[PDB]
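Peer 1: Experimental structure and its sequence below.
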Amino acid sequence: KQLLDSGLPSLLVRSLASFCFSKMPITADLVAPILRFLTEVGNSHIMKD
Amino acid sequence: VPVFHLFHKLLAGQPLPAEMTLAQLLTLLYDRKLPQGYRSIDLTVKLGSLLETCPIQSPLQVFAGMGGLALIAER
């Protein structure tokens, strides 16, 4: 509950969209680890929502 | 009887049938207001009709629900 309230996942997903159209800069060598982070944290139904 | 009956917290007091598939179990649990997209199913094994429930909608049916497959044959 307080992970999303820190805004870090929201901060990340914005950076993913910013990088895909080609703040925290994102390189091509870091997209996969944070996508895996989103997948791993996505086990909880709160993240799925 | 030396047999195992599976249970669930929401469907208390009703052992599940051995012929039920997991899709029907998801349908029953989602009928019982279980949160959608739950990570696991907490079944309990205790030593010793619901088969008609419709299986949950797989992603292909949802895609085919809005005629998505029609675009597939177009390409």
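Peer 2: Great, that's in hand. Numbers count the residues shown, from 1 in each chain, chains lettered A, B, ... in the order given.

Peer 1: What is the neighbour count of whatever residue of chain B ends up closest to chain A?
Peer 2: Nearest to chain A, among the residues of chain B, is residue B:37, at 4.1 Å (CB to the nearest CB). C-betas here are computed from N, CA, C, even on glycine. Residues within reach of residue B:37, counting by other CB atoms under 10 Å in any protein chain shown, total 14.

Peer 1: Tell me who's in contact with it.
Peer 2: A:45, A:48, A:49 (CB atoms under 8 Å, 6 or more residues apart in numbering or on different chains).

Peer 1: Distance check, the last one against chain B.
Peer 2: As judged by CB to the nearest CB, to the nearest Å, residue A:49 and chain B stand 7 Å apart.

Peer 1: if we can go back for a sec, just the ones in strands from the contacts of residue B:37, please.
Peer 2: When DSSP state E defines the strands, the subset of those inside them is empty.

Peer 1: now those residues: which count as buried?
Peer 2: Among the contacts of residue B:37, not one counts as buried by 16 or more other CB atoms under 10 Å in any protein chain shown.
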